[PDB]
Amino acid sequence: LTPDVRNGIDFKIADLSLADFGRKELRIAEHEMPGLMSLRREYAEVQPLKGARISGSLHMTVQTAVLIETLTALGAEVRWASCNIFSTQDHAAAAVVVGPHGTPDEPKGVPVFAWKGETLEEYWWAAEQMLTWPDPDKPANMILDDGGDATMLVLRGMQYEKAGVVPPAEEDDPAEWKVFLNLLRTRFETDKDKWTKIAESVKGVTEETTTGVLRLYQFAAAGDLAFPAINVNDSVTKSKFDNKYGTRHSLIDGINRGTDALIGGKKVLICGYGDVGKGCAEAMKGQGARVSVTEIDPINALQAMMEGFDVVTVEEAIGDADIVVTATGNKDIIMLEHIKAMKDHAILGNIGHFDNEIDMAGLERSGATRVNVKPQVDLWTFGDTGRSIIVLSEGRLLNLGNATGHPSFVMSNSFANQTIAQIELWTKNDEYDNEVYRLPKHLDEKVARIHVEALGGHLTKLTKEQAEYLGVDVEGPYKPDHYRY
């Protein structure tokens, strides 16, 4: 595995000749991303990210391409990889390397190391490529992360360097961990302070998703967070719109392309009822499914029941479920005994960040036989019961695996928030300690306002007396800090 180089740009992608297709969809997406397009306009003169060297680890989609090109319009240099082995849209990756005025023979874009259907070894090689800038005097100085893999590589890397050794993996370790440690160990043989130096160069990280935010909280509580982080997941305009309405769009899209199964009339088990599980349940309910929900949290469980759903355990419900979706951000939700309990020709997938919600290692070592139907759709048969289960995307987040993830208008919210966070952390870096921050409410309301306007909504303007009555400025922010929407 060696990078391709064309016109001084290193990259590794499926097919550069897809760029023309990619560029057409990027141009359509620009129309549906008023959040990103409005920031390009506002900040074009300013060039706020001049001097930034952004290493981004985030699903390489059409929507992420509009994000990358917003960061470049604003002055940044970037290097990119996908944060999932199946989530890259190859036409979009091609268009990013080529750029808006380039061609396949004369590319003018940025380094991308991403393609749909990477191996675990390829996935971590690409991550390192993305994190490794060409000039050893000029390493990465910002991270843009989705799920924390980039942050993990730099932070665990420095840890092993400081300790003089990369540990062995245990044989019972998850495959991906073994792959990951192998990369660190191999690099340690030839370069002894790689990750330490990169960690000292990173000015901040912006983290897009619930799972990665959890991991940041875990680093920070260990005293191991080496630079400022902005939790972009928990922008109101992100968590409450992307995780919820995005999923409401793209869950059924993933299931449609993977299976073409009728959803109406089917028993559907959704595991977890946070923002993700809420959109799942709503999408399924809208299509005529009979939905039940699982939960550990009594508050989220009570919401599920008030929304018309039984709240049940996997053990009691799994045998009746026509479709099973894991939405928890936890591990060990659907174990091999659960999968063996499923009815014949039931569908199983995961829409949480990591594949470990489903016991895929157990199913693979089970003695069940695998028949591939098409990309990211496998029929698994158990010889002892004779029952076959359809598994989507090998357990990896199925909306991006089997379809195209959330729609542009939704990602416009999430990516306007990331762009704002990148701009804040870069230009105002000396206002942040080595802690996890969220964006102020006035910026979340700014992102909302752009999208209401684009949809044709008419906001009401408070009169002077009304603002005084509420104790707010006419221009916001409108809600107290703990307000939950």
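For every residue, the number given is its place in the sequence shown, counted from 1.
- Just going by the entry, 417-425 versus 432-440 on mean CA temperature factor gives the higher value to 432-440.
- Here 275-283 and 357-365 are compared by their mean Cα B-factor, and 357-365 comes out higher.
- Of the candidates 299, 397, 325, 202, the PDB record gives 202 the highest C-alpha temperature factor.
- Out of 239, 259, 151, 82, it is 151 whose C-alpha atom has the highest B-factor in the PDB entry.
- Compared with the other modelled residues of the chain, the Cα B-factor recorded for residue 105 ranks in the middle third.
- When the modelled residues of the chain are ordered by their C-alpha B factor, residue 47 lands in the highest third.
- Split the chain's modelled residues into thirds by C-alpha temperature factor. Residue 177 is in the highest one.
- Per the deposited record, the Cα B-factor of residue 90 falls in the lowest third when ranked against the other modelled residues of its chain.
- The entry lists a Cα temperature factor for residue 212 that places it in the middle third of the chain's modelled residues.
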